[PDB]
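Protein chains in written order, with our numbering: chain A, 3 to 165; chain B, 3 to 165; chain C, 3 to 165; chain D, 3 to 165; chain E, 3 to 165; chain F, 3 to 165.
Number of protein chains: 6
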Amino acid sequence: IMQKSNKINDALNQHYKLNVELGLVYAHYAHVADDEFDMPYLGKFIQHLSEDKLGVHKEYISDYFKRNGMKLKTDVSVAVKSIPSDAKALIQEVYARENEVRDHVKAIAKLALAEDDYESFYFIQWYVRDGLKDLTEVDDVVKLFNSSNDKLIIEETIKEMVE
Amino acid sequence: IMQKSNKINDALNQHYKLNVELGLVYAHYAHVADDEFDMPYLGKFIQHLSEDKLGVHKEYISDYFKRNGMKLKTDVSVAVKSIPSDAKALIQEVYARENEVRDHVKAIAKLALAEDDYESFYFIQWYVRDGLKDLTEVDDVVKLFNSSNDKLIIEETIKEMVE
Amino acid sequence: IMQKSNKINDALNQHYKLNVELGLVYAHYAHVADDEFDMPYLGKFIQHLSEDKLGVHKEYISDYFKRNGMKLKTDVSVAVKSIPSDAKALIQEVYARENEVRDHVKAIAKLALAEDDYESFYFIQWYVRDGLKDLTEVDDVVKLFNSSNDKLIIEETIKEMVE
Amino acid sequence: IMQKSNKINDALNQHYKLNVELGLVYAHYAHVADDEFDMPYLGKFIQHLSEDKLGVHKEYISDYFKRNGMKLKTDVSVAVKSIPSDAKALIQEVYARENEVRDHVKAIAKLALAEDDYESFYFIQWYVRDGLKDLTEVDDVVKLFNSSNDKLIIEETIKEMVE
Amino acid sequence: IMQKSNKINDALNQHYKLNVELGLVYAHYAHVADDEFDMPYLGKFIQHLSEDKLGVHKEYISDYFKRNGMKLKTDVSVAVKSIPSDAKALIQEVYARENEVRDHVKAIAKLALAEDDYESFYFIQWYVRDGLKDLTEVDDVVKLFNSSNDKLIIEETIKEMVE
Amino acid sequence: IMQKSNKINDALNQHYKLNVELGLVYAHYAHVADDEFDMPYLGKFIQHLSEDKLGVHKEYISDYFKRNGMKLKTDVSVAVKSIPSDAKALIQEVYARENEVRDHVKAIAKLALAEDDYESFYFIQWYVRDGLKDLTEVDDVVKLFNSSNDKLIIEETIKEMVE
Ligand SMILES: [Cl-]
Ligand SMILES: [Cl-]
Ligand SMILES: [Cl-]
Ligand SMILES: [Cl-]
Ligand SMILES: [Cl-]
Ligand SMILES: [Cl-]
Ligand SMILES: [Cl-]
Ligand SMILES: [Cl-]
Ligand SMILES: [Cl-]
Ligand SMILES: [Cl-]
Ligand SMILES: [Cl-]
Ligand SMILES: [Cl-]
Ligand SMILES: [Cl-]
Ligand SMILES: [Cl-]
Ligand SMILES: [Cl-]
Ligand SMILES: [Cl-]
Ligand SMILES: [Cl-]
Ligand SMILES: [Cl-]
Ligand SMILES: [Fe+3]
Ligand SMILES: [Fe+3]
Ligand SMILES: [Fe+3]
Ligand SMILES: [Fe+3]
Ligand SMILES: [Fe+3]
Ligand SMILES: [Fe+3]
Ligand SMILES: [Fe+3]
Ligand SMILES: [Fe+3]
Ligand SMILES: [Fe+3]
Ligand SMILES: [Fe+3]
Ligand SMILES: [Fe+3]
Ligand SMILES: [Fe+3]
Ligand SMILES: [Fe+3]
Ligand SMILES: [Fe+3]
Ligand SMILES: [Fe+3]
Ligand SMILES: [Fe+3]
Ligand SMILES: [Fe+3]
Ligand SMILES: [Fe+3]
Ligand SMILES: [Fe+3]
Ligand SMILES: [Fe+3]
Ligand SMILES: [Fe+3]
Ligand SMILES: [Fe+3]
Ligand SMILES: [Fe+3]
Ligand SMILES: [Fe+3]
Ligand SMILES: [Fe+3]
Ligand SMILES: [Fe+3]
Ligand SMILES: [Fe+3]
Ligand SMILES: [Fe+3]
Ligand SMILES: [Fe+3]
Ligand SMILES: [Fe+3]
Ligand SMILES: [Fe+3]
Ligand SMILES: [Fe+3]
Ligand SMILES: [Fe+3]
Ligand SMILES: [Fe+3]
Ligand SMILES: [Fe+3]
Ligand SMILES: [Fe+3]
Ligand SMILES: [Mg+2]
Ligand SMILES: [Mg+2]
Ligand SMILES: [Mg+2]
Ligand SMILES: [Mg+2]
Ligand SMILES: [Mg+2]
Ligand SMILES: [Mg+2]
């Protein structure tokens with residue numbers, strides 16, 4: 003009784019992998035935003051997202067598995083082989099990835115209900131809302147680039163968001 | 003003038019890769035120590051080392067590169083395909099890896115002097131001592147396992163080290 | 003991907019409309035409770051519900067739409083053409099309306115699951131419980147009128163609820 | 003003796019209606035300013051005006067009527083069927099409406115004197131000055147749009163006004 | 003409209019009964035752990051679980067029923083006719099019972115969705131997570147017995163959990 | 003020497019049973035007082051008595067047995083199959099039960115002296131006085147119902163007793 007769902011186990015290991023590799027790409031993007039595009043505050047915004055993906059986003063799954071018998075799998079593979087050409091494109095790529103995270107999370111909630119796994123429906127509840135919150139935070143930045151053509155104006159505006 | 007050394011650049015990208023992948027293995031080892039071997043405090047010790055490897059150990063290189071023109075490379079590949087059979091072997095494997103870190107750091111200091119790159123000799127100075135400090139911290143744990151045959155005694159002793 | 007559900011959009015615009023118009027009726031009922039029925043504390047209870055319906059009940063939908071791409075619609079039409087004959091009937095009408103709110107909210111949760119829109123299932127989670135809470139608060143008042151035949155006793159009891 | 007003026011009663015019910023419907027349009031305009039025009043601070047300025055129109059602007063009339071025997075009428079009808087094409091036009095429309103409020107208030111003061119209703123001349127005294135104050139606050143914003151062509155500069159300036 | 007589900011009513015009365023009778027068994031187990039097995043801290047851990055089952059676990063259902071019209075039923079029958087032979091078996095029996103609680107709670111969430119009773123799906127949300135939390139707390143104790151063969155070591159470790 | 007009296011053991015297990023089952027009936031009565039009879043403060047008075055019967059009233063016996071070698075017996079059987087018709091009758095039934103508690107306690111003191119069990123005469127000393135105190139507290143409530151015919155007056159008076 004209460005035997006863990008292998009489908010849910012797989013999908014949460016997949017999501018664990020996604021957050022690790024995303025966090026590694028964002029750590030690189032954070033470096034580029036500062037060093038190449040001369041936007042250190044944009045860099046700290048993306049670093050904070052990097053530490054988020056590699057922090058609680060992965061630890062919550064780790065900690066959930068210890069409580070329910072699911073097995074953790076560490077299989078990580080990510081290479082940053084090209085970088086967007088400028089800062090706007092850099093944040094827009096981050097947006098496109100965060101929008102995909104929402105879709106992965108939605109598949110997990112759907113599957114949890116399909117598996118009658120209400121503990122896992124509950125756990126994913128945090129990820130459902132962080133999907134929209136993280137995406138909204140990124141969107142608030144993508145936008146600055148369509149409201150000003152001045153890197154330093156945009157930077158001053160980001161400073162009050164990464165406070 | 004002051005053109006960055008490509009050899010040093012390569013070796014620090016290699017060390018960046020090492021700290022990322024180590025930190026990912028330790029995050030998995032931390033989970034196993036708690037869930038499988040019933041040692042949550044041993045798990046928090048190894049988690050703290052995981053967050054260390056994936057935190058300042060990699061960020062210092064990232065931040066150094068922004069200051070000197072070296073290029074950051076994100077090429078990460080690590081899979082945890084087997085786990086040591088028990089807690090002692092788990093910490094002993096961590097030890098063997100930390101001992102290899104000391105040797106990688108030593109090659110970098112040697113090369114920095116060979117390149118007349120005293121900024122990089124200086125930067126590695128932090129890593130020279132953290133090599134011995136992290137290894138000594140791990141050693142203090144490996145030992146508990148040869149001083150007591152009681153998991154709970156060992157655990158109570160680790161609690162006062164990960165405070 | 004992640005395209006907003008038009009059905010959910012419509013139903014939340016409908017619920018937005020419901021909360022605005024309810025809040026306008028309650029503002030009028032609050033005035034009547036004080037001026038005509040000589041019950042100022044009953045009036046402050048109903049005013050607080052009015053400011054609730056016209057405050058967070060509508061703003062949460064507004065703010066949700068900005069985050070997910072749904073479109074806000076402002077189409078408001080309400081006239082208070084008759085008033086209940088006394089204070090008991092006044093609060094009983096408020097009750098009947100709050101009981102209908104629970105049913106509207108329930109249709110939205112049902113539809114969110116039917117649309118596989120777990121972000122919207124989550125958002126409505128707040129409204130599911132406020133449906134019962136607001137209805138329970140109103141019920142605690144409707145009752146005073148069956149426990150005492152003294153307007154001033156009832157009023158003294160409401161004072162400790164709208165504190 | 004001291005029988006309430008029906009003309010004043012009608013005109014204050016009309017002004018009550020005006021403030022409700024204005025506040026509903028401004029709540030929608032506040033949403034648009036943030037979501038569509040990417041100006042969240044402009045949105046908070048207009049939200050504050052919305053809560054003003056729907057708050058004390060209407061409650062003062064409600065409370066006045068309880069004291070003098072005038073009858074409250076709730077007859078509300080407003081639909082937002084088109085939106086100004088950009089942020090400047092959005093605030094300019096708000097201005098045009100606030101300028102009309104001054105004229106409605108002026109008719110009420112004129113009528114109060116014509117009715118020898120000095121209690122109502124006094125009550126409207128608050129609205130006479132808030133007509134100019136609210137209009138001046140809106141004007142301070144309309145202007146930013148003629149002093150800078152940078153959305154983010156304008157936004158940073160509004161932030162210090164909606165504090 | 004909004005008529006309470008009799009199926010949900012029955013299942014929550016059943017769960018009410020389960021928590022009462024569990025709490026009575028645990029109160030007895032707490033006594034035995036201290037008096038017979040000489041483990042007073044193990045006793046305080048099990049007493050805390052007893053007061054939990056007989057406290058909020060039952061009161062939340064009681065309070066929920068007052069709000070939605072469901073009827074409370076008090077039909078209680080439990081006799082402790084044998085006790086596990088030692089402390090390990092005692093906590094393992096507690097574990098087996100807590101694991102069954104998770105399954106009862108899961109049937110209630112399933113039924114709430116099947117009944118389109120989202121207020122009851124929401125209410126059970128608390129029980130879904132306390133099912134795993136209480137079971138995890140008990141598991142943390144069952145384990146001590148496989149990590150040390152010393153009653154007093156185990157006891158010293160429990161003291162820091164029932165703090 | 004100092005061998006525990008089996009008669010006293012039996013009578014205190016009987017009293018343990020009485021306090022458990024009373025506390026379960028009072029928990030149900032507390033719910034009814036609030037939900038059906040619209041008297042939430044009367045409900046909190048009876049809940050406090052419920053938590054008393056199920057708290058120290060039973061734990062003192064449990065703790066006494068650990069100290070003297072008497073054996074705890076958990077044999078519980080109570081069903082609430084009918085409820086008094088109104089609030090007065092509800093509190094009067096509670097009174098009749100508390101009056102029986104005094105008589106059970108008196109038999110235990112008598113028996114303790116007859117057994118020359120002065121430790122048990124001493125322990126029951128607490129129950130002798132709580133018999134009169136709890137009964138006096140209940141009596142102070144039964145009375146309100148003969149001094150006012152207004153549910154809300156009675157409720158306001160209970161509020162200052164369950165503080
Ligand atoms: Cl590659
Ligand atoms: Cl996208
Ligand atoms: Cl699915
Ligand atoms: Cl592989
Ligand atoms: Cl080694
Ligand atoms: Cl070298
Ligand atoms: Cl009409
Ligand atoms: Cl109804
Ligand atoms: Cl539906
Ligand atoms: Cl229209
Ligand atoms: Cl104008
Ligand atoms: Cl005039
Ligand atoms: Cl039996
Ligand atoms: Cl089990
Ligand atoms: Cl079902
Ligand atoms: Cl029966
Ligand atoms: Cl009696
Ligand atoms: Cl006797
Ligand atoms: Fe760079
Ligand atoms: Fe910098
Ligand atoms: Fe954040
Ligand atoms: Fe570009
Ligand atoms: Fe996040
Ligand atoms: Fe500033
Ligand atoms: Fe595991
Ligand atoms: Fe743990
Ligand atoms: Fe450290
Ligand atoms: Fe070994
Ligand atoms: Fe380190
Ligand atoms: Fe210590
Ligand atoms: Fe009136
Ligand atoms: Fe007043
Ligand atoms: Fe409230
Ligand atoms: Fe009537
Ligand atoms: Fe509400
Ligand atoms: Fe009072
Ligand atoms: Fe919009
Ligand atoms: Fe925003
Ligand atoms: Fe203002
Ligand atoms: Fe224009
Ligand atoms: Fe104003
Ligand atoms: Fe400033
Ligand atoms: Fe015993
Ligand atoms: Fe003791
Ligand atoms: Fe607890
Ligand atoms: Fe055994
Ligand atoms: Fe619990
Ligand atoms: Fe200690
Ligand atoms: Fe009831
Ligand atoms: Fe209540
Ligand atoms: Fe008391
Ligand atoms: Fe009667
Ligand atoms: Fe008592
Ligand atoms: Fe008082
Ligand atoms: Mg199904
Ligand atoms: Mg040389
Ligand atoms: Mg489906
Ligand atoms: Mg004249
Ligand atoms: Mg269905
Ligand atoms: Mg004698």
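Built from N, CA and C at the ideal position, the CB exists for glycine as well.
Cutoff 8 Å: residue i Cβ touching any chain A Cβ
| i | result |
| --- | --- |
| residue 69 of chain C | yes |
| residue 120 of chain C | yes |
Min CB distance residue i to chain B below 8 Å
| i | result |
| --- | --- |
| residue 156 of chain E | yes |
| residue 137 of chain E | no |
Residue i: first and last residue of the uninterrupted beta strand (DSSP E) it sits in
| i | result |
| --- | --- |
| residue 78 of chain A | 77 to 81 |
Residue span of the alpha helix (DSSP H) that contains residue i, given as start and end
| i | result |
| --- | --- |
| residue 130 of chain D | 120 to 149 |
| residue 60 of chain F | 58 to 70 |
| residue 158 of chain E | 153 to 161 |
| residue 19 of chain D | 8 to 37 |
| residue 94 of chain A | 89 to 116 |
Supposed contact pair residue j and residue i - C-beta distance, whole angstroms, cut 8 Å
| i | j | result |
| --- | --- | --- |
| residue 128 of chain E | residue 62 of chain E | 7 Å |
| residue 93 of chain E | residue 34 of chain E | Residue 93 of chain E to residue 34 of chain E, Cβ: 11 Å. No contact. |
| residue 96 of chain D | residue 130 of chain D | Not a contact, Cβ separation roughly 20 Å. |
CB contact check: residue i to chain E, cutoff 8 Å
| i | result |
| --- | --- |
| residue 153 of chain B | yes |
| residue 64 of chain F | yes |
Cutoff 8 Å: residue i Cβ touching any chain F Cβ
| i | result |
| --- | --- |
| residue 30 of chain E | yes |
| residue 146 of chain C | yes |
| residue 87 of chain E | no |
| residue 159 of chain C | yes |
Cβ of residue i within 8 Å of any chain D Cβ
| i | result |
| --- | --- |
| residue 20 of chain C | no |
| residue 81 of chain C | yes |
Chain C within 8 Å of residue i, Cβ atoms only
| i | result |
| --- | --- |
| residue 40 of chain F | yes |
| residue 13 of chain D | no |
| residue 93 of chain E | no |
(request) Pair every Cβ in the stretch 146 to 163 of chain B with every Cβ in the stretch 148 to 158 of chain E, then say whether three or more of these pairs are closer than 8 Å. (result) Taking 8 Å as the limit for Cβ pairs, the verdict is that the stretch 148 to 158 of chain E does touch the stretch 146 to 163 of chain B.
(message) Below 8 Å, how does it come out for the stretch 95 to 112 of chain F and the stretch 71 to 81 of chain E: are there three or more Cβ pairs, yes or no?
(response) In this structure the stretch 95 to 112 of chain F does not touch the stretch 71 to 81 of chain E; the number of beta carbon pairs closer than 8 Å is below three.
(message) Tell me whether the stretch 17 to 32 of chain E and the stretch 48 to 56 of chain E touch, counting them as touching only if at least three CB pairs, one residue from each stretch, are closer than 8 Å.
(response) These segments touch.
(message) With a threshold of 8 Å, are at least 3 pairs of Cβ atoms found where one atom belongs to the stretch 38 to 47 of chain A and the other to the stretch 73 to 89 of chain B?
(response) Pairwise C-beta distances place the stretch 38 to 47 of chain A out of contact with the stretch 73 to 89 of chain B, as fewer than three of them are shorter than 8 Å.
(request) Please list, following the chain, all residues that have a C-beta closer than 7 Å to any non-hydrogen atom of ligand 46. (result) Cβ-based neighbours of ligand 46 within the cut-off: E:87, E:88, E:90 and E:91.
(request) Determine contact between the stretch 106 to 118 of chain C and the stretch 110 to 130 of chain E, defined as no fewer than three beta-carbon pairs at a distance below 8 Å. (result) Contact between the stretch 106 to 118 of chain C and the stretch 110 to 130 of chain E is present, because at least three Cβ pairs lie under 8 Å.
(request) Let me have the residue list for ligand 33: C-beta closer than 7 Å to any non-hydrogen atom, ordered along the chain. (result) These are the residues, in chain order, with a beta carbon less than 7 Å from any non-hydrogen atom of ligand 33: C:50, C:54 and C:139.
(request) Closer than 5 Å is what we want: which residues have a beta carbon that near any heavy atom of ligand 17? List them in chain order. (result) Result: F:98 and F:101.
(request) Closer than 6 Å is what we want: which residues have a beta carbon that near any heavy atom of ligand 6? List them in chain order. (result) That gives B:112, B:113 and B:116.
(message) Strictly closer than 7 Å from CB to any heavy atom of ligand 49: give me those residues in the order they appear in the chain.
(response) Cβ-based neighbours of ligand 49 within the cut-off: E:67, E:68, E:73, E:74, F:33, F:34, F:37 and F:38.
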